[PDB]
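Protein chains in written order, with UniProt numbering: chain A, 7 to 61; chain B, 7 to 61. Working notes for the structure below.
2 protein chains.
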Amino acid sequence: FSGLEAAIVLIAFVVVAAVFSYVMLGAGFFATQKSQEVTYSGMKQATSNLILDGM
Amino acid sequence: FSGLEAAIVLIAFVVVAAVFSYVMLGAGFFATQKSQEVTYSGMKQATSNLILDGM
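Listed below in structure tokens is the structure:
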């Protein structure tokens with residue numbers, strides 16, 4: 007049994023990690039960038055209120 | 007140790023979040039829509055007053 011083949015796999019473990027890492031970050035930024043949008047809209051929802059002024 | 011399994015869980019963390027998010031919103035709208043009803047009834051409680059007029 008040789009670690010030469012272990013290397014072959016170790017790539018695969020690392021690569022799928024990096025890809026998941028890659029996407030999760032992308033998934034994550036979008037998560038964040040979405041989380042920001044709802045917040046901006048959220049404040050804009052309340053503060054965009056319009057009012058009847060006087061009689 | 008592989009992040010492949012971490013993904014499996016990451017779904018679960020997200021899903022229960024979305025379901026809680028889903029329900030909390032539903033719980034929340036009802037909270038609001040209830041909070042509105044008591045207000046409408048609240049003003050209607052005071053303003054629905056009836057009066058004896060004159061002798």
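No residue lacks a Cβ here, since even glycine has one placed at the ideal position from N, Cα and C.
Does chain A have any CB closer than 9 Å to the CB of residue i?
i, result
"B/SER8", "yes"
"B/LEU56", "no"
"B/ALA13", "yes"
Would you grab the beta carbon distance between residue i and residue j for me? Rounded to a whole angstrom, and I think it's under 8 Å.
i, j, result
"A/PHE26", "B/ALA24", "In fact, because the Cβ distance is near 20 Å, the residues do not count as touching under 8 Å."
"A/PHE19", "B/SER8", "6 Å"
"B/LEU10", "A/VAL15", "Contact flag wrong, Cβ pair sits at about 13 Å."
First and last residue of the alpha helix (DSSP H) that includes residue i?
i, result
"B/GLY48", "9-53"
Contact list for the region 18-36 of chain A against chain B, Cβ threshold 8 Å: Residues passing the 8 Å Cβ filter: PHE19, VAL22, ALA23, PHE26, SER27 and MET30.
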